[PDB]
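Printed here is coords-v3.cif (mmCIF, C-alpha atoms; chains and numbers go by the auth columns):
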data_run
#
loop_
_atom_site.group_PDB
_atom_site.id
_atom_site.type_symbol
_atom_site.label_atom_id
_atom_site.label_comp_id
_atom_site.label_asym_id
_atom_site.label_seq_id
_atom_site.Cartn_x
_atom_site.Cartn_y
_atom_site.Cartn_z
_atom_site.B_iso_or_equiv
_atom_site.auth_seq_id
_atom_site.auth_asym_id
ATOM 1 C CA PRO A 1 -3.298 9.576 9.683 0.00 25 C
ATOM 2 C CA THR A 2 -4.771 6.421 11.253 0.00 26 C
ATOM 3 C CA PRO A 3 -2.826 3.113 11.508 0.00 27 C
ATOM 4 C CA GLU A 4 -4.228 1.950 8.179 0.00 28 C
ATOM 5 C CA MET A 5 -2.954 1.792 4.598 0.00 29 C
ATOM 6 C CA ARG A 6 -5.213 2.565 1.638 0.00 30 C
ATOM 7 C CA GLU A 7 -3.784 0.129 -0.906 0.00 31 C
ATOM 8 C CA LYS A 8 -4.354 1.168 -4.508 0.00 32 C
ATOM 9 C CA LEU A 9 -6.124 -2.127 -5.061 0.00 33 C
ATOM 10 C CA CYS A 10 -6.618 -2.043 -8.826 0.00 34 C
ATOM 11 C CA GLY A 11 -8.578 -4.783 -10.577 0.00 35 C
ATOM 12 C CA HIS A 12 -7.071 -8.106 -9.513 0.00 36 C
ATOM 13 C CA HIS A 13 -5.154 -6.342 -6.728 0.00 37 C
ATOM 14 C CA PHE A 14 -8.488 -5.648 -5.079 0.00 38 C
ATOM 15 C CA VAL A 15 -10.126 -9.032 -5.765 0.00 39 C
ATOM 16 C CA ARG A 16 -6.976 -10.472 -4.197 0.00 40 C
ATOM 17 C CA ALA A 17 -6.935 -8.255 -1.133 0.00 41 C
ATOM 18 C CA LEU A 18 -10.542 -9.343 -1.127 0.00 42 C
ATOM 19 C CA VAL A 19 -10.037 -13.101 -1.121 0.00 43 C
ATOM 20 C CA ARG A 20 -7.669 -12.311 1.758 0.00 44 C
ATOM 21 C CA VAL A 21 -9.884 -10.578 4.346 0.00 45 C
ATOM 22 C CA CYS A 22 -13.270 -12.212 3.640 0.00 46 C
ATOM 23 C CA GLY A 23 -11.986 -15.190 1.668 0.00 47 C
ATOM 24 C CA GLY A 24 -15.002 -15.787 -0.542 0.00 48 C
ATOM 25 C CA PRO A 25 -15.717 -18.873 -2.712 0.00 49 C
ATOM 26 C CA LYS A 26 -16.674 -16.884 -5.827 0.00 50 C
ATOM 27 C CA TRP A 27 -13.341 -15.420 -6.961 0.00 51 C
ATOM 28 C CA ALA B 1 -15.968 5.268 1.706 0.00 106 F
ATOM 29 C CA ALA B 2 -19.134 6.283 -0.150 0.00 107 F
ATOM 30 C CA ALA B 3 -17.566 8.291 -2.976 0.00 108 F
ATOM 31 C CA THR B 4 -17.181 6.309 -6.198 0.00 109 F
ATOM 32 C CA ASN B 5 -17.443 2.775 -7.614 0.00 110 F
ATOM 33 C CA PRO B 6 -15.942 -0.091 -5.509 0.00 111 F
ATOM 34 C CA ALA B 7 -12.732 -1.400 -7.113 0.00 112 F
ATOM 35 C CA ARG B 8 -12.493 1.796 -9.161 0.00 113 F
ATOM 36 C CA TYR B 9 -12.226 3.796 -5.935 0.00 114 F
ATOM 37 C CA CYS B 10 -9.899 1.339 -4.201 0.00 115 F
ATOM 38 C CA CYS B 11 -7.718 1.628 -7.301 0.00 116 F
ATOM 39 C CA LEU B 12 -7.376 5.404 -7.627 0.00 117 F
ATOM 40 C CA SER B 13 -7.029 6.775 -4.093 0.00 118 F
ATOM 41 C CA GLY B 14 -6.775 3.519 -2.168 0.00 119 F
ATOM 42 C CA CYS B 15 -8.462 1.066 0.186 0.00 120 F
ATOM 43 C CA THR B 16 -7.412 -0.399 3.524 0.00 121 F
ATOM 44 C CA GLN B 17 -8.231 -3.878 4.843 0.00 122 F
ATOM 45 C CA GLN B 18 -11.386 -2.301 6.246 0.00 123 F
ATOM 46 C CA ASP B 19 -12.457 -0.502 3.065 0.00 124 F
ATOM 47 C CA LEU B 20 -11.813 -3.873 1.504 0.00 125 F
ATOM 48 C CA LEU B 21 -13.602 -5.657 4.283 0.00 126 F
ATOM 49 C CA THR B 22 -16.706 -3.747 3.226 0.00 127 F
ATOM 50 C CA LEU B 23 -16.356 -4.958 -0.373 0.00 128 F
ATOM 51 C CA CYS B 24 -15.278 -8.595 -0.027 0.00 129 F
ATOM 52 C CA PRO B 25 -18.027 -10.540 1.882 0.00 130 F
ATOM 53 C CA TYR B 26 -20.745 -9.912 -0.718 0.00 131 F
ATOM 54 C CA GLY B 27 -19.854 -11.365 -4.094 0.00 132 F
#
Any chance you could put this one into structure tokens?
Amino acid sequence: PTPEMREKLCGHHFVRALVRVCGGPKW
Amino acid sequence: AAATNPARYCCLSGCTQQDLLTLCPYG
């Protein structure tokens, strides 16, 4: 089912996976 | 995508780099 991986990004897990792909200055 | 709250959704079911990509470069 697609070459992706829906990580169960919970709370900080998400904000982290976040700072990874878009790398924002906020967080 | 387009189901429930951001992080809340990415926490329960999951979220790939893309589903994350659509939630990182904003805040």
* Asked: Got a sec to pull out which chain C residues are within 6 Å of chain F, counting all atoms listed in the file, and send them as a count of residues only?
  -> 8
Using all atoms of range 106-120 of chain F that appear in the file, construct an axis-aligned enclosing box with 6 Å of padding on every side and provide its centre coordinates and edge lengths in Å, rounded to one decimal, as lines of an AutoDock Vina configuration file.
center_x = -13.0
center_y = 3.4
center_z = -3.7
size_x = 24.4
size_y = 21.7
size_z = 22.9
Using the chain letters and numbers from the file, give me the residues hit by the PyMOL selection byres ((chain C and resi 51) around 10), as a short mmCIF file (atom, residue, chain, number, x, y, z; two decimals) with C-alpha atoms, in the coordinates of the input.
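The result, written out as expr16.cif:
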data_model
loop_
_atom_site.label_atom_id
_atom_site.label_comp_id
_atom_site.auth_asym_id
_atom_site.auth_seq_id
_atom_site.Cartn_x
_atom_site.Cartn_y
_atom_site.Cartn_z
CA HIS C 36 -7.07 -8.11 -9.51
CA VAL C 39 -10.13 -9.03 -5.76
CA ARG C 40 -6.98 -10.47 -4.20
CA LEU C 42 -10.54 -9.34 -1.13
CA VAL C 43 -10.04 -13.10 -1.12
CA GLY C 47 -11.99 -15.19 1.67
CA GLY C 48 -15.00 -15.79 -0.54
CA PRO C 49 -15.72 -18.87 -2.71
CA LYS C 50 -16.67 -16.88 -5.83
CA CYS F 129 -15.28 -8.60 -0.03
CA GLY F 132 -19.85 -11.36 -4.09
#
